[PDB]
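# Enclosed are the sequence and the experimentally obtained structure.
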Amino acid sequence: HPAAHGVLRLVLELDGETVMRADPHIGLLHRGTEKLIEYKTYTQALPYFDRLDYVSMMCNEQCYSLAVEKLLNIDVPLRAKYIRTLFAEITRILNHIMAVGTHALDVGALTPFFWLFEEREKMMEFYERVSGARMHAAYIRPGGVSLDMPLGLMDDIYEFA
Amino acid sequence: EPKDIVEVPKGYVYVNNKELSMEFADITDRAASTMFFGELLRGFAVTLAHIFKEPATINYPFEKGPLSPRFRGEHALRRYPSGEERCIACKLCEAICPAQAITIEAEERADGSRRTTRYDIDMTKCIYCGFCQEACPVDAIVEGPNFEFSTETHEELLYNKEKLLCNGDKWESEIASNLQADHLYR
Amino acid sequence: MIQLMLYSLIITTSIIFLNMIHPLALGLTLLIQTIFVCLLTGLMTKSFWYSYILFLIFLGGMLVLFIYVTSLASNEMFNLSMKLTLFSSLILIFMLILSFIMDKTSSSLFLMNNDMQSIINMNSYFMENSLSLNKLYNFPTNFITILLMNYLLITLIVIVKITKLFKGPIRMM
Amino acid sequence: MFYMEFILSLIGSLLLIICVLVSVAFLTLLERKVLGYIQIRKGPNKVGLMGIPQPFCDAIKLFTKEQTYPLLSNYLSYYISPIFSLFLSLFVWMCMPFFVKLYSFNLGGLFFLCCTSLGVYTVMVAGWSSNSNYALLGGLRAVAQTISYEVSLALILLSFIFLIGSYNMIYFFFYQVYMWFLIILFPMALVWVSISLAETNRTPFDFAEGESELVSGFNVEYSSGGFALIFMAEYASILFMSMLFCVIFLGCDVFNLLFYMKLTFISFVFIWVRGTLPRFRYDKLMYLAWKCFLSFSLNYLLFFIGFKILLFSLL
Amino acid sequence: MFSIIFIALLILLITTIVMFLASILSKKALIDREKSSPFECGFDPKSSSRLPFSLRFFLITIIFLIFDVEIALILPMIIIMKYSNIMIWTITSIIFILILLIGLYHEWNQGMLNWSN
Amino acid sequence: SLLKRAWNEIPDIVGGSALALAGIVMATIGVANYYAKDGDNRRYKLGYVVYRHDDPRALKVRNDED
Amino acid sequence: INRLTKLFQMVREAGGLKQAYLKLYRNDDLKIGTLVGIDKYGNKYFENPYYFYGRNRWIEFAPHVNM
Amino acid sequence: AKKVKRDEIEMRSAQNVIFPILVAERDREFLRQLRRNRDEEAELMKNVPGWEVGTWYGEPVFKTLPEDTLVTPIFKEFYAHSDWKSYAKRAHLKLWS
Amino acid sequence: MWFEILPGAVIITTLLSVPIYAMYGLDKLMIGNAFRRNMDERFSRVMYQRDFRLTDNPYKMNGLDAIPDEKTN
Ligand SMILES: COC1=C(OC)C(=O)C(C/C=C(\C)CC/C=C(\C)CC/C=C(\C)CC/C=C(\C)CC/C=C(\C)CC/C=C(/C)CC/C=C(\C)CC/C=C(\C)CCC=C(C)C)=C(C)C1=O
Ligand code: SF4
Ligand code: SF4
């Protein structure tokens, strides 16, 4: 069903159109992620978190990166913090567009999906321009981000904003 | 303006806090829109306005991109300007590959140089993470610019060394240009 | 001429209608016949105004009973009756044969169509339905219409009281 | 002479039939281009030359694709419902006014009311015949639509009828010679479009299809042949109902060229709205028809009963 | 009429030919036990569609039958306005529409127009 | 008050009833005006109406200009 | 209001309506640009900053390919 | 509304100048037909036991009417001696076949 | 770039206008008269019978030339 996002299986108990009981059968996308991680080095496990919450890409890395840092008991440089925080917000702006964009389609409105996914396309150029991938950047890492921003990116980040 | 039902502290913004006025000046204003489709009117002006904009579509394949030099795509084994393959079968790429998509078997070459007799990438298992090109100490393996290599058979997506080497020659000019413009960051 | 063929079809559809069991089979039979009767009535009248009204009225009743059929008699069965198909098809062609070899000046109904009226009839040159529907809204017969109004409104009070909406939906428990 | 007359009537219907059937093909393209431009997209542009032959390029596919024989469906009903859906869509065009006579149709306004109501059974039977949960919900979602718009539709037609004096559509031309009834009937024009959407089951009243609530509504179990006719029958309804708006509120100069410039524009409006509004909630429509529209429409019968009475005294 | 019936049949024949072309022009492949299974989002169905489907607008459903039969009595109005007595026509018509409104507002206020809850 | 509540809750029934009330008013003007002109006797008659000069109706022929 | 003057120009470099139509039929668009260069295989590369960023640089495939 | 009424009255006034003309024509042909039917009835039923022209076996179909009181017969009876084609040519002009 | 819509609207506008502009053409070519008689009112139908009887073609007009010019008196 299109609104189910291809994963959910609501076994509804319909008394006409009104729902009396809803059973969200989950697990159609269980890929034993947490068991594979037990077999992979910490660095090899970083990409797994891009996949979890796949619309908030760089936000999941940050959670993983912060966790490892607390155990490693290290601190990140001042510049890397701002790059992280900047890209946490860009990810947040991306994600809410998907939520607003997707939610509108479920209701039925179409144009907000396209008017916003045009901006979403511009935003994922910044992911592509720093990490090399439009999605699943694998950019945030426990020691801080993996590369400096390209020269002249920040001008284009301003231009979008 | 109407008042707020709940007083707001500092550093917080409310979305539905303002109450509804009950003055005839305002009720009629709400009534007029509710009665002549006033709210929907401006909604129709906006959508019509978008008719008069250049659409943002790109005429692919004649026009395409844009990308950046850091783009991760199809793989390729480079070689030195002499022609000798760069890869020395160090196997760092195999050990770091999150997907275990790389298989390497190495043997003492006839001339006695450490080299691979086997180098296979299972493109249906790779995730294009790019850890292989970061770990290679001699830049032997790179993710080339190509992203247009869809096939019609599963078997054709399993690259062996000869296929990888061919890409490293077809794409040599562009890879050498990306590395030069990007190595300092890396 | 088609009047006789309309006679045959209305007869044919009525024979099968006696033999329907499935409620929707009844409904389809009834819907088809409501078309013919509506068509036939306008042949013997100065206008088809009433066929339009009758057709519109019954279609309202057609939908509603499907809604209840689909809630009460949803799970039922059809059975093609080779006896029925042959019998109707047998008589149908038989009846159609007669209508070709019938003295169909004799079979035509004596009721005066609009054209059947004389040329001198001055009252036949007005709007198609002016006079006929006229005294529905003139003294004294207008009060009958008024009487319906209460009757219809009073009916509208009867259904809600019989129905007792608040005590739940309807299911075929 | 008379023998010849009815020959011409056949030609007109066939000519009107093929022309309407062709237009609904090109309307579907227009829907995709316009809806592709309200959205900042480009729309179909590659196939053939500049996308114009796109709808024909789709009519090939929907007919070279196999019929579906559902396991649990009453096949004969499932197989016939597309026919009557398309037939009723084309048949209602014979009442469209022509000054070059096609059909007299005194009481033409009623003939509209009868035909449009019939369009619900085809959806209704198709959904129930398919014998799928979604299809049945689509069918019963369509029937509930009729319970809402049907009554208010007649009353609003009656208001327009009071202005002209008869149910013959031709008289709309004479009374709209100096001006357009849009001015006198602005809220009804706005209301009438709203009900017109329900007739054709379009966003914001798209419940029979019910896309993204039901997977595809009552069409969920149709395929190559049946689904195509269901589709064409859908867009024939839009085209006619758009025309019926042009004869009522926009002059009704059927022999003038501009009337057809107007006709396409109202067709654009129907696409325009689909790209603006979200779908209503299944109950909010039925409440809307009975709580607001029905009360609204009755209020102006008094306004037009008084106005006609007042005008009758002067004239 | 008789003209319309003929074209009504002629159209029905034409539309009928369309699928009769589609049924032959359609690609033909062996039907599978799963190809003809119903569509219910890819998981087998628990419940036949022919179970009793509960109803909540039943009350409105009945009121719909009524309100139409008063549409049979308003429609003739126009046709007989030039020909009728104006007092009788005026009075009766008004007390026709007031009766309808009063009936509607009465039920609306009683909450019958709301669905079963 | 009452006026405010409805005007805030169901403004259409107020505006609609406002024009409905207009109908009754200007229906009461037109109907009274109709018998203020003796409009039962209409100068143009449907059909071919011919009276004898001595018939009572022949006196009541409405005499107009055009 | 004055795009026709551009439109006529596109025809002239195209080589008349006959070659203009084949261009439209092939590339699905008519655009003005300066020939940046020609590759070994005949593809001609154009550029015009007038258009927006994505459509700024485009390529004409070799004639012999044709679809 | 004035202009529509203006035009309508003009159309109706044209009828009242043509309507008397047709009535004159119809009467002079309606009567002529009646003689033929009264003559066709005589020839058709020479040998019937007790048939009298214009009555059901001698029973007048109107007892109260004054003498020589002409009564327009039924449409069907007017066409009692005619093919179906002529009948349908007038009764179905509205429907057009 | 809003031009690309117009090719869609031109076709629909033309196709829908073919019928009325075709019958106006066919009737002239095949009746001799642009419009066909309107059987909307009894009087129209009545006279239509009259024309169909006299000329044996309702759309062929009988001008004054049908009148017997002279009477010998
Ligand atoms: C990703 O997010 C999104 C979604 O979420 C899933 C959406 O749902 C959506 C949903 C989008 C929509 C609902 C758009 C509206 C589209 C649809 C509902 C259906 C898609 C189909 C179309 C648009 C095509 C329109 C046309 C049809 C379906 C077929 C209609 C029938 C047609 C055209 C035939 C007309 C008949 C004719 C006689 C015309 C003239 C002649 C022909 C066709 C004959 C053809 C050829 C021959 C006879 C061969 C002869 C050969 C020889 C003699 C040699 C969007 C946009 C989205 O972005
Ligand atoms: S890109 Fe990542 S997953 Fe793919 S081969 Fe290289 S290291 Fe392995
Ligand atoms: S890391 Fe580089 S040198 Fe080492 S085995 Fe891999 S490709 Fe060869």
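Sure, I can see it. Residues are numbered from 1 along each chain as shown, chains lettered A, B, ... in the order given. Ligands and ions are numbered 1, 2, ... in the order given.

# now the helices: where do they sit in chain D?
Per DSSP state H, chain D carries helices over the ranges D:2-38, D:54-59, D:75-91, D:108-130, D:133-164, D:171-175, D:181-184, D:186-200, D:224-249, D:258-274, D:282-287, D:294-314.

# Between those helices, which one is closest to residue A:65.
The closest of those to residue A:65 is helix D:2-38. By C-beta to C-beta, the value is 42.0 Å. Placement of C-beta: from N, CA and C, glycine included.

# in that closest one, what's buried?
In terms of neighbour count (16 or more other C-beta atoms under 10 Å in any protein chain shown), helix D:2-38 has its buried residues at D:2, D:5, D:8-9, D:11-13, D:15-17, D:19-38.

# Now for the closest residue in space to residue C:73 that isn't next to it in sequence: which residues touch it?
In space, residue C:73 comes closest to residue C:23 once its chain neighbours are excluded; the distance is 4.7 Å by C-beta to C-beta, 6 or more residues apart in numbering or on different chains. Residues near residue C:23 by C-beta atoms under 8 Å, 6 or more residues apart in numbering or on different chains: C:69, C:73, C:76.

# quick one: the residue nearest to residue D:258 when sequence neighbours are not counted and ligand 2, what's the gap?
Residue nearest to residue D:258 in three dimensions, not counting chain neighbours: residue D:251, with 7.8 Å by C-beta to C-beta, 6+ apart. Between residue D:251 and ligand 2 the computed distance is 67 Å (C-beta to the nearest ligand atom, to the nearest Å).

# isn't residue D:251 right up against residue D:178?
No: Residue D:251 lies out of contact with residue D:178 (C-beta atoms under 8 Å); the separation is 10.3 Å.

# out of the two, which sits in the busier spot?
The neighbour comparison of residue D:251 against residue D:178 (other C-beta atoms under 10 Å in any protein chain shown) goes to residue D:251, with 20 against 6.

# and the residue nearest to residue C:73, backbone torsions?
Taking degrees, to the nearest 10, you get phi -60, psi -40 for the backbone angles of residue C:23.

# State the helix or strand in which residue F:25 lies.
helix F:11-36 (DSSP states H and E).

# Then residue E:112?
With DSSP H and E as the criterion, the answer for residue E:112 is that it lies in no helix or strand.

# What residues does residue 44 make contact with?
This is for chain A. Residue A:44 touches B:96, B:97, B:98, B:131, counting by C-beta under 8 Å, 6+ apart.

# Please refer instead to chain I.
I:37, I:38.

# Pull the contacting residues for the residue of the stretch 201-315 of chain D found nearest chain B.
Residue of the stretch 201-315 of chain D nearest chain B, by C-beta to the nearest C-beta: residue D:276 (4.9 Å). Going by C-beta under 8 Å, 6+ apart, residue D:276 touches A:109, A:111, B:40, B:43, B:44, B:47, D:38.

# can we see that at 10 Å?
By C-beta atoms under 10 Å, 6 or more residues apart in numbering or on different chains, the contact set of residue D:276 is A:109-111, B:40, B:43-48, D:38, D:203-204.

# now do residue F:21
D:299, D:302, D:303, D:306.

# same question, residue H:17
Residue H:17 neighbours (C-beta under 10 Å, 6+ apart): residue F:48.

# Over to residue A:123?
By C-beta under 10 Å, 6+ apart, the neighbours of residue A:123 are A:90, A:91, A:93, A:94, A:97, A:134, A:157, A:160, A:161.

# Over to it. Which of the three states is it?
helix (DSSP: H, G, I helix; E, B strand; the rest coil).

# any idea how far it lies from chain F?
According to C-beta to the nearest C-beta, to the nearest Å, residue A:123 stands 43 Å off from chain F.

# what comes into contact with stretch H:40-53?
Identification of contacts with stretch H:40-53 by C-beta under 10 Å, 6+ apart yields H:37, H:38, H:39, H:54, H:56, H:57, H:58, H:59, H:60, H:80, H:81, H:82.

# immediately after the longest strand seen in chain B, which helix or strand?
Longest strand in chain B by number of residues (criterion: DSSP state E): strand B:114-122. Sequence-wise, the next helix or strand downstream of strand B:114-122 (DSSP H and E) is helix B:131-135.

# what comes up buried for that following helix?
Buried residues in helix B:131-135 (16+ other C-beta under 10 Å): B:131, B:132, B:133, B:135.

# So residue H:79 sits against residue H:37, correct?
Yes: under the criterion of C-beta atoms under 10 Å, residue H:79 makes contact with residue H:37 at 9.2 Å.

# what do those two both touch?
Residues touching both residue H:79 and residue H:37 (C-beta under 10 Å, 6+ apart) are residue H:73.

# Can you name the residues of chain A that neighbour chain C?
A:15, A:16, A:18 (C-beta under 10 Å from any C-beta of the partner chain).

# For the last one, the count of nearby residues, please.
It stands for residue A:18. Neighbour number of residue A:18 under other C-beta under 10 Å is 14.

# do the same with the second one
Each residue near residue A:16 was counted by other C-beta under 10 Å, and the total is 19.

# Just the buried residues of the helix or strand where residue B:27 lies, please?
For residue B:27, the host element (DSSP H and E) is helix B:24-36. Within helix B:24-36, the residues scored as buried using 16+ other C-beta under 10 Å are B:27, B:30, B:31, B:35.

# The second one contacts residue F:11, correct?
Yes: taking contact to mean C-beta under 10 Å, the distance of 8.1 Å between residue B:30 and residue F:11 places them in contact.

# Is the helix or strand hosting residue A:89 in proximity to chain B?
For residue A:89, the host element (DSSP H and E) is helix A:78-107. No: Helix A:78-107 is not in contact with chain B by C-beta under 10 Å from any C-beta; minimum separation 12.8 Å.

# near chain E at all, that helix?
No: judged by C-beta under 10 Å from any C-beta, helix A:78-107 and chain E are separated, with a smallest distance of 15.5 Å.

# And that helix, what does it pack against?
Other helices and strands packing on helix A:78-107, by 3 or more C-beta pairs under 10 Å, 6 or more residues apart in numbering or on different chains; DSSP states H and E, are helix A:57-72, helix A:111-130, helix A:153-160.

# for the residue in chain C positioned nearest to chain I, what are its contacts?
Among all residues of chain C, residue C:125 sits closest to chain I, at 4.8 Å; criterion: C-beta to the nearest C-beta. For residue C:125, the contact set (C-beta under 10 Å, 6+ apart) comprises C:117, C:119, F:46-48, H:12, H:15, H:19, I:41-44, I:46.

# Around chain G, which positions in chain C sit nearby?
Within chain C, no position is adjacent to chain G by C-beta under 10 Å from any C-beta.

# need the contact list for the residue in chain C positioned nearest to chain F.
The minimum distance from chain C to chain F, using C-beta to the nearest C-beta, falls at residue C:122 (4.6 Å). By C-beta under 10 Å, 6+ apart, the residues touching residue C:122 are F:46, F:47, F:48, F:49, H:19, H:23.
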